[PDB]
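This document opens with one chain alone, in structure tokens, the form deposited without latrunculin B (LAB).
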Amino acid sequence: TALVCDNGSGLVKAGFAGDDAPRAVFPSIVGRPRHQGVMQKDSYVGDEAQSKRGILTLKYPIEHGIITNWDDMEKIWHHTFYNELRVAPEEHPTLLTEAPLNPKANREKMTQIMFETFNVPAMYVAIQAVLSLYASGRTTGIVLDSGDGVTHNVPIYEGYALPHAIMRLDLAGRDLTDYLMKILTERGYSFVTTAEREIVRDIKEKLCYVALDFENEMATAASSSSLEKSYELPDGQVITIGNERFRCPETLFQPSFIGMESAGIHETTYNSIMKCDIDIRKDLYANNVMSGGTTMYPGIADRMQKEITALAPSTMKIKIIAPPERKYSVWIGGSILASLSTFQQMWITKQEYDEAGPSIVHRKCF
């Protein structure tokens, strides 16, 4: 059976092809003690690093979809195979995912490690947004995938990709977490360490939502306290936040909040559709597929619907497809693809990798 591993930037989602859900879901973190021991492992990975984060410095080996710490990335892959899935990687073909427009050396180094360190029989690196379309049972649609590191738009029509219309934005969940940490200082809450960043991320996932109209929401938050909610910190301290709940996700629609010049995800989606041929835009307007953890904010589909409707012609039918399980769409789509009989010719086996070299990994790479 095939292994499907979706290591985006924040989470590792790994399982077996054919299943409906990933077997192992844990943070893609490596923690090392920042104090000296007196009574003791060298490093902690995943959920283990998350439970001991008080005495650890947490590091993400993937930043903006690009693996920057390869020794830590091997630790995470090692724990995924042997501790979480408890398999021998030399017996299972492995389907990996990647964001589009990544550096070529990222996929090449990832292939060299899977074949020479873990000795997988075959492997394949798919594009994350394409797998999200498999999960929704569609052949046409523009996929907006947004995780912890990268947000990207990929339009697909009748099974054909339009690579020239692919848009990538280095604004995602991790940038929203850092922005929430910044604006939480307005209320006197100081989160600075890598362990406290994990607390702010949990605050973001519990309390943050997308306002349908940002300016009307800011007036409501300034008028009363009906939007304020409380959150209990791990030490028992209770914090209360008001407009920070919707100001943090608003960065997705106004990237200037964090000093970025790019347009929001609604205009990026619209600009990607407008780069496509005029005859396919109507189908793309009706098949906006949202994918990834950063699309899980309450009210984001209604806001995207409202924003794209204002940009598109009035006669087009704008339809945002936001399935409830869209946080696992990339993994579910990879589970479907790795189980197709037509896909079994697309595997890059260990034999044809020793012949063609690293150049073989860049097929269907846009």
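Numbers for residues come from their place in the sequence shown, where the first is 1.
Separately, the form deposited with latrunculin B (LAB) bound exists; it is not shown, and the next lines address it.
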query: Three-residue site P27, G173 and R197 fully in contact with latrunculin B (LAB) in the entry with it bound at 4.5 Å by heavy atom; finding: yes
query: is_contact(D148, latrunculin B (LAB)) in the entry with it bound, heavy atom dist at most 4.5 Å; finding: yes
query: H266 within 4.5 Å of latrunculin B (LAB) in the entry with it bound, heavy atoms; finding: no
query: 4.5 Å heavy atom contact, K204 and latrunculin B (LAB) in the entry with it bound; finding: yes
query: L11: touches latrunculin B (LAB) in the entry with it bound, heavy atom cutoff 4.5 angstroms; finding: yes
query: Among the candidates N288, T177, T80, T111, the residue which, in the entry with it bound, approaches latrunculin B (LAB) to within 4.5 Å (heavy atoms); finding: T177
